[PDB]
Amino acid sequence: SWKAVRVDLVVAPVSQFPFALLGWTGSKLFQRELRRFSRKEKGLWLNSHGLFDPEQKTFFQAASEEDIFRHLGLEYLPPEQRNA
DNA sequence: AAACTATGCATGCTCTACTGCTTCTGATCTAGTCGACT
């Protein structure tokens, strides 16, 4: 016998790997809140591809996912604690 | 010598193909709107 299970596949470059990983691990509400905080408080645009500064037209990529929280002035969280 | 017949020719008409130019039509590429998803 067999069963039908939904599977989602995403391909991203190594440079953008942490950004996509963060975008997909966190909950929908958590991602929305993080994006709103980034754009309103820190004034930076956050999406699944990278972090952008409208003032200085240069990407703020980083080699580790924790750098995203580090540069946004937020304490680091693990995926288990990002449940909305 | 005159009447009838014969050939001969020309021109307008009809059709079928042939070629080239012009216009219409069918196939192929994108903006917007709604919807689906992560």
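What's counted below: heavy atoms across the whole structure, side chains too, no hydrogens, waters or symmetry copies. The chains referred to below are lettered A, B, ... by the order of the sequence lines, with proteins before strands, and numbering in each begins at 1.
The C1'-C2'-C3'-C4' torsion of B:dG35 is positive, so its sugar falls on the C3'-endo, or north, side.
With hydrogens and angles disregarded, no donor-acceptor distance shorter than 3.5 Å links the side chain of A:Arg82 to the backbone of A:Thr25.
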Atom pairs under 3.5 Å, N or O on each side, protein against nucleotides 36-38 of chain B: can you list them with distances?
{"unit_1": "B:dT38", "atom_1": "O3'", "unit_2": "A:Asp8", "atom_2": "OD2", "d": "3.0"}

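Looking at A:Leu51 and A:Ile68, their side chains never come closer than 4.5 Å, going by heavy atoms from C-beta outward.
Ring geometry, A:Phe59 versus A:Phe52: the interplanar angle falls from 30° to 60°, so the pair is classed tilted.
Placement of A:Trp24 and A:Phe19 in two distinct hydrophobic clusters is found when ILVMFWY residues are connected by side-chain heavy-atom separations under 4.5 Å, directly or transitively.
Annotation for A:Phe17: atom CZ does not count as buried by contact number, only 12 or fewer foreign heavy atoms lying within 6.0 Å.
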